[PDB]
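Here is the structure we will look at.
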Amino acid sequence: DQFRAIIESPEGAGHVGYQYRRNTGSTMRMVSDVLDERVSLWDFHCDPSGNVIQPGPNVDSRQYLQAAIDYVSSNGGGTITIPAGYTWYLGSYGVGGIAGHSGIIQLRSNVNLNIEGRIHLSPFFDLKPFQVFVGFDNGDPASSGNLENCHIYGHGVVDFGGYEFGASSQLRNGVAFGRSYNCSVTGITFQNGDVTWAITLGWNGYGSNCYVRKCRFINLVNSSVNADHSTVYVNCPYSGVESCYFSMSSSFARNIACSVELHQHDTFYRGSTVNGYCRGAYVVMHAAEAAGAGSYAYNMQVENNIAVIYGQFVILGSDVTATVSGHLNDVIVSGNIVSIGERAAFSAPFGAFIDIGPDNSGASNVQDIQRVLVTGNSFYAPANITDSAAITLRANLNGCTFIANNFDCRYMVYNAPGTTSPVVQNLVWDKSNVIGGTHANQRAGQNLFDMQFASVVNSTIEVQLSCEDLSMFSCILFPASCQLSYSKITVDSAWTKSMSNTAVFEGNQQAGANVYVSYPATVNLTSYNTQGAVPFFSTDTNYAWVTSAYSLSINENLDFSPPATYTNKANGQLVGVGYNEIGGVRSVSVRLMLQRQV
Amino acid sequence: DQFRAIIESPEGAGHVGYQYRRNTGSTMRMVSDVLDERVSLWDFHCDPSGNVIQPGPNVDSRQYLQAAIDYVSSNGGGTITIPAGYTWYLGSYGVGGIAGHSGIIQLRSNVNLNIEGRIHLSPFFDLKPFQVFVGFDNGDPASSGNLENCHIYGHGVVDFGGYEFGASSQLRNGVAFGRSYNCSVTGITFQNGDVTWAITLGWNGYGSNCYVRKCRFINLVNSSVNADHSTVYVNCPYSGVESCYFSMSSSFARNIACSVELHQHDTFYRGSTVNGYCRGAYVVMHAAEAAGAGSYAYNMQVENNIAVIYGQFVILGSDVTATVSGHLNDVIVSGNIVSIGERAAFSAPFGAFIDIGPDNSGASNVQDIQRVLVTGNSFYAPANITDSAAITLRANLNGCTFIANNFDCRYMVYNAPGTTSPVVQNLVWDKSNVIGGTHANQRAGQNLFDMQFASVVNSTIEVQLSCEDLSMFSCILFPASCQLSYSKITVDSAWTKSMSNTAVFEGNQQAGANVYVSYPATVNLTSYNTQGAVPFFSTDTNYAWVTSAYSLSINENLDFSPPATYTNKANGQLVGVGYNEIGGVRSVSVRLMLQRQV
Amino acid sequence: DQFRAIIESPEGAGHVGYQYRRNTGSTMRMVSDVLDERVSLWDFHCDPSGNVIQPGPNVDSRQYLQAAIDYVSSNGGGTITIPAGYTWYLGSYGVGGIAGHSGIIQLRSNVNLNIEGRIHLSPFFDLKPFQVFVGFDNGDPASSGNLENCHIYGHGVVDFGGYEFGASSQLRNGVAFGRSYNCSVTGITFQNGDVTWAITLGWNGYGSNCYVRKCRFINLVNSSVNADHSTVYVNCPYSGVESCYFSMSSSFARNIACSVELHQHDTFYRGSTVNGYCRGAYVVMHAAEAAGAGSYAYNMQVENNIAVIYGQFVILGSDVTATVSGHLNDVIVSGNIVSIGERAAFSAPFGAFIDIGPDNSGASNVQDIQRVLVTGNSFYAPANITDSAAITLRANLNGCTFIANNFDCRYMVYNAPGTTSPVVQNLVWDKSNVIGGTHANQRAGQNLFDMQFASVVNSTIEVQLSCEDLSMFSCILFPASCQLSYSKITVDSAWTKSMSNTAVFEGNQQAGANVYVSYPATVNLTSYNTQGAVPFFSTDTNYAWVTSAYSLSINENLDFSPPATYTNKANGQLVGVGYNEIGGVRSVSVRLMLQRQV
Ligand SMILES: [Cl-]
Ligand SMILES: [Cl-]
Ligand SMILES: [Cl-]
């Protein structure tokens, strides 16, 4: 039977006619033509005889998936389905350009992957480096062509097989898109591994419009060998992460894992949830990555995320090379709800909402960070966590503005004494920042705002308490080593009546010509003997810098009243005019708001 | 013709060969194999003879859809398409585990539903309870297995057929995912019903990563019989609702319908639009639902939503059982634009942006709600709506912070007199909250901040007006029954010059040792006869609590000037030193800012 | 061979049997039936003989795509795939109802387009108007039926072919959905054109639930002929744009292009990135578009966007017709990070974060704009850009509230002198707005807040500097032509000690009965000769409006002290009681905070 032979052969479908819904106005097609409108891994997952091979732990599907990608690429692109209901194992490295990146699969432009099933790494990869999907087409990224219009999506899973790193110097990634333009990962679960990154977008600023959306990243650090982990590394502009879920359960992740890094301009991290990580996001301009999009990381957004972390939520940085200086500016951090998870004090990296960090080599004098707006966020750390701050300011800062946040942690501004001595400019802490009381009574020997810096200039710190904490040493303290100029420092009187110290200037810095300061203090006064209007003067002479002061105490006397307001004198005394109904020298102790130029 | 018989039989496609795009490197497949890569309801919507049955109002498609789900489940999962261009009717209950939930269809793990057509409930369900899709596999949820990786998506519709409830005690749901992990509904329109919920995620904290995105919910309450409605009920952590649309047209919905409830930690409600509902979202930790994820609802986000409602936007709550206490903390409500739709005063539940509500049995002394941040929202209620407040504070509150909102409604803080007497702690109303003027001139006999509580502690109320309203009785009023301690209460002077009362303390609570207060008042003063510096004293003796006061009035005199500032005396008089150019007893009425410890 | 003939004919697939995965419980189907579950352009892209035609620059695919849409529509809807790996060219106009709109393709209800390949306009369209996809079904939109449930999505591209406009009066659009309900565009790249709009949603308020998500719009303006461009025009309620990318490279776009317009209630623009445009979004209620959804545009959201623009970020407007008055209210602008790109001063439309604009004919006295909340945004303009303002207030304003923003540009509030004279009501500029220092030293002859208005009422301007700028003429200036009443104007003293002018009232408006003002000034005082308590009086008589004043200077004297606080006298002098330790007339120059009713 000749016709039988033709129909049963691989060309059979090309001899069965078809017309859509019997529409005589439709194209006269062959069944093969219609089936050709889709493509799956099954169309390439065959032995050399063309007989299909079933996937499984005993089968390496790499070559077949590569063949599919290669073939679809040469036809101008399309979408390859990785079928649901099966697990497809990868058990060897790819070859060519991706070899230099320990690549398994090479992605190609215009070839999308619809992962509905599961992709799983075989034991071959135990203790070895790997990059599962690689978009570079040359071992030297600088010589690589671009990856364009490559989208990975579906309800499927990329499982890294649980293998630990073999050595800390190794690198592992899920999707390394390369010099990627209009590439994305959507809907995929990345799980069960010990990797450096799950997804990297771009290369040294080369790339654009790359996005990670609605993905899950689960348990991607599992050993002490893993040197560092950032789940999504965004290294091209006009790119970002949205509506993802990141979770770690390993102890090690709490010390080394960060959910996202934003390294280029016009990048974002929004609407995501993080649990079990050390850090939320690094927002940094590394000068070594400035080739593709310039040396300025601007228009950076971290918004509307939810996190439980053990270290720092947002870490800001910038650094230089011999010929390039990195700059970070125009950043917004807003609408995030973040808490330091339960842990012993000092058992993980210092808890912080914002960290101004030193560069990779520890340099704290190379940063150019400014025009950062931190607003409308909530931060919480349990009362026992001494190492928790709204901002750990450890390197030079050229500007950061805090407005309308709620910070409930040990410190508001902090830098460790005897460590770095940052130069701080344009730090603005608005009075609308609400300071929570979880750490009330835990602050013996501590300063709420601990200004351990070389210098502070053009800065504003408006301290507003909302409950008492009589355990703290001071609300704000400037060591003698910290220069302060052209700045405004105020401590609102509410909840401070019983505090011994409110603002402390160990170098008498509040006397600066362009320092604007106000804070409460207790002052002893005596008067002359005169009946009628009579001056009261301070006993002490430590007020030569005071422009005015006013009473914060009642006067429990009938026969006299001290002045409501005071100026100073050349010798450093305060002086005001009170009233003696009857004559006599008076002596009183009063709580005063001391003011300088405000 | 033997070959003809084989080809025309159901095994025919298994005898037609195919090779993708004639690629000799591709798998030699049978047409049947390629068609097997997809599956639709048509593959199971047949009579016992295997002859296809057309769907319609006269056909019950339930058994066929169940057969499809069951079959795909046993093959490890996949996606079943519910074809476009047809309406598929359901007209009977399912059986087994879902029977205890009035279930129609039982969902199974890894089996997704791509609903492109319409699913419609037949009259069989009129006046009866139903749950359209159920993920539980046992009548007892505590004994049920988990539903994993189940996604419902598409451009289709679930139509509840418009049937009213038969009785208020009945329950109705669209998708009850059960103990659901990685389940979602995306893109679907749920419409035309009288239901309790459209979608429930999780069960008593069991579940994770469940999401409702880009769905529409239209007219899901239509009768007086419906007891309660919440469109999406989120009862598992790490789950949420994003970019949905909720609309009701029925009068009944304005009294009973809420768009979302968030019941577990790390849940969110963002970027959605609501119209015609009573309420926006309940954000509550019910102790009875604490089994799967603990008794703390933390990291709760309500952000960037748009709403027109008739009752309350966000309702906060927590309650206890005999052995479990619920806690709600670490909540952020921000970026929402909300208005109370046009309605007569008192014709719907009391209008509010935030409501601190009593539990289901009316208890107002069981709540543990704190660390709530409400910032950057806009709220509006038409001028006639007496029952409108920024916050209705009706049950115990342990903390809530308001910063940088615009509230344009009748009351800022309100609790009805003669009802509950909440214990309020850590209520912070920052001065940056802008109080709109829509209700100006409508406040006869009313207090803008009506502090009808048992006690207020560690709280801040900084009242800042932005226009005049001389109709109000006071800006803030504390009844004698309200204890006040360790708190800051201030009324800015702007727009208050002509107000008879600014802050009113009916129990003289402003005299508290740790109360920090300032507000304007008019005070009559007289002076002694002395030429030169001369004291002025208040006629009245109601100022024993005042630490200082200063003039808010000009002095229209040449021959004397009253003091700019004043202290007090033991008898409760104010006293200051003014100046008589010429002697004579003086008498003046002055507007003063009265201050205590500020 | 009869059977061969049947199988090879277009009816062949209808004679090959199939049963899903050989399941005897599945439907006995024909291969044709299964293939009929999907449909693509290939099923209609054939010559009259039914022989397929390959697409290309030489082939007009319009008629074939229209045939596909028409056919699928008549079957109750479905999704037509536009295949990947091919470019489909359109080279002629459609006919019928869409002819009046220069339409190419007519969309139909329930017919979705999955664009995976590329759609490209042929040279036929060079210099001509066109609307690529049109949802109207009648040349007269008022007589058109509705377009419902039409979704365009995929990884594909709509390329406008780079053709310039032939004339400025022409119009061009990508997708004009018409009276559109539940329509959307998702994932598509629109590129390479000179168009008026890329996408229009709704028609004069008719429509609902239309969304543009995850789309890219690249280089859609390229000539001087193009009169105006707005990429997405939202003209139906309950609709919006989310997570899109907009980029222009042409010089012309910097002068005429806007990314989005929001024209109806309950609309939004969120999470998008814009580069190279003149403007971000117009948020306007045009009375001429009030038919479908009323004359009020309320619940308008512009949130969490990132932009580099050359003109104005958000432009607010409303206008009237003979019988309809437009109103704009209940708007929120928050979480946006925006910068004016590098450009010469005055080389593009005046840089602004918010612009209150005149109507299309230049009218500035027809607007009804109120209840606008601008919070938590960051705005930056390089130092050379004189024409940069937080708000350019050029038309009547009934309310706008600014809280917790960071504005780093030349002006905070600005209107050009000698142009319009707006009536301003309910403008609130909270003290929590942080004023950046990029323009410090560039403000010679300029007023930071330049209040060039006819009148200001019920407004608040709380100026808070965060660094010095001694170049500016004043912090705030009211010309004599600007009435001011029932308003609060304050200038915080920090960074102002060396300023010659702080607040300037050229018409002495600070003396108003209901004006609440405070600002620093230098005042010369002399005293009487009296030993002991002694009055000091100002030499000048310009303080008849001052209610109190206090010292902002130290007293570098031992023998006397001036008063800490002052009142006034009828003749306009300040007066206070100081102290002469030793007698003698004293003369001092002091910096004072002058206060009126605050
Ligand atoms: Cl200084
Ligand atoms: Cl107290
Ligand atoms: Cl006035």
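To be explicit about the labels: the chains of the structure tokens are called A, B, and onward in the order shown, and within each one the residues are counted from 1, while ligands get numbers from 1 in the order they are shown.
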Would you name the residues within 6 Å of ligand 2, counting only C-alpha atoms and all ligand atoms, and put them as a VMD selection string?
-> chain B and resid 485 to 486 512 to 515
Using only C-alpha atoms and all ligand atoms, what are the residues with an atom within 12 Å of ligand 1, set out as number ranges by chain?
-> A: 455-459, 483-489, 508-517, 545, 596-597; C: 467-468, 494-495, 497
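Relative to CA of residue 335 (chain B), CA of residue 347 (chain B) is found at 27.7 Å.
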Any chance you could list, as a PyMOL selection string, the residues in region 193-434 of chain C that come up strand (DSSP E or B) when DSSP is run on the backbone?
-> chain C and resi 199-201+203+206-208+211-213+216-218+229-234+239-242+245-247+257-262+267-270+273-277+279-285+296-303+306-309+312-318+320+325+327-334+337-340+351-356+369-375+378-380+388-393+397+400-403+406-408+411-414+423-425+427-429+434
Residues within 7 Å of residue 64 (chain C), only C-alpha atoms, excluding chain neighbours under 4 positions, as number ranges by chain | C: 44-45, 68
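Reported to one decimal place, the separation of CA of residue 114 (chain C) from CA of residue 63 (chain C) is 17.7 Å.
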If we count only C-alpha atoms, what is near residue 179 (chain A) at a cut-off of 8 Å, once residues fewer than 6 positions away on the same chain are taken out, given as a ChimeraX atom specification?
-> /A:135-136,141,144-147,201-203,206-207
Now that the selection is made, can you save its residues with C-alpha atoms as a JSON list (two decimals), in the first residue's frame?
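For reference, selection.json as written:
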```
[["chain", "number", "residue", "atom", "x", "y", "z"],
["A", 135, "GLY", "CA", 22.72, 34.92, 26.47],
["A", 136, "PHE", "CA", 26.32, 35.82, 25.64],
["A", 141, "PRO", "CA", 31.49, 39.55, 27.03],
["A", 144, "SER", "CA", 29.66, 39.22, 22.49],
["A", 145, "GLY", "CA", 26.69, 40.05, 20.31],
["A", 146, "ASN", "CA", 23.38, 41.05, 21.86],
["A", 147, "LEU", "CA", 20.51, 38.87, 23.09],
["A", 201, "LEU", "CA", 20.11, 41.16, 33.52],
["A", 202, "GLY", "CA", 22.55, 42.97, 31.24],
["A", 203, "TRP", "CA", 26.30, 43.22, 31.28],
["A", 206, "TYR", "CA", 24.77, 47.01, 28.12],
["A", 207, "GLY", "CA", 21.14, 45.99, 27.76]]
```
Just how far from CA of residue 229 (chain A) is CA of residue 409 (chain A), in Å to one decimal?
-> 26.2 Å
Give the alpha helix (DSSP H) residues of region 34-101 of chain B, as DSSP finds them on the backbone, and put them as an mmCIF file with C-alpha atoms, in the first residue's frame.
```cif
data_model
loop_
_atom_site.group_PDB
_atom_site.id
_atom_site.type_symbol
_atom_site.label_atom_id
_atom_site.label_comp_id
_atom_site.auth_asym_id
_atom_site.auth_seq_id
_atom_site.Cartn_x
_atom_site.Cartn_y
_atom_site.Cartn_z
ATOM 1 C CA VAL B 34 1.360 16.472 18.791
ATOM 2 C CA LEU B 35 -2.355 17.002 19.444
ATOM 3 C CA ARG B 62 -19.804 19.517 35.505
ATOM 4 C CA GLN B 63 -19.060 15.811 35.133
ATOM 5 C CA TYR B 64 -17.106 16.456 31.913
ATOM 6 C CA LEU B 65 -14.964 19.211 33.387
ATOM 7 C CA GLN B 66 -14.326 17.008 36.449
ATOM 8 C CA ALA B 67 -13.299 14.098 34.201
ATOM 9 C CA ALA B 68 -10.850 16.393 32.390
ATOM 10 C CA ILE B 69 -9.302 17.655 35.646
ATOM 11 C CA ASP B 70 -9.079 14.120 37.057
ATOM 12 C CA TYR B 71 -7.419 12.753 33.948
ATOM 13 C CA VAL B 72 -4.875 15.568 33.583
ATOM 14 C CA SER B 73 -4.075 15.323 37.314
ATOM 15 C CA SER B 74 -3.214 11.627 37.007
#
```
6 Å contact set for residue 314 (chain B), only C-alpha atoms, chain neighbours under 2 positions out, as JSON, numbers by chain | {"B": [280, 281, 282, 312, 354]}
Give me, as a short mmCIF file (atom, residue, chain, number, x, y, z; two decimals) with C-alpha atoms, in the first residue's frame, all polymer residues having an atom no more than 8 Å from residue 29 (chain B), counting only C-alpha atoms and skipping those fewer than 5 positions away in the same chain.
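Dumped to result-v7.cif:
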```
data_model
loop_
_atom_site.label_atom_id
_atom_site.label_comp_id
_atom_site.auth_asym_id
_atom_site.auth_seq_id
_atom_site.Cartn_x
_atom_site.Cartn_y
_atom_site.Cartn_z
CA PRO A 10 7.14 11.36 8.74
CA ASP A 43 10.13 17.88 18.52
CA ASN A 51 12.79 8.07 17.86
CA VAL A 52 11.56 10.04 20.83
CA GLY B 17 3.47 10.61 10.73
CA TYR B 18 4.85 14.07 11.37
CA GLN B 19 8.22 15.72 11.66
CA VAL B 34 1.36 16.47 18.79
#
```
Excluding same-chain residues fewer than 5 positions from residue 288 (chain B), what lies within 12 Å of it counting only C-alpha atoms, as a ChimeraX atom specification?
-> /B:203-205,235,263-264,293-296,318-327,359-360
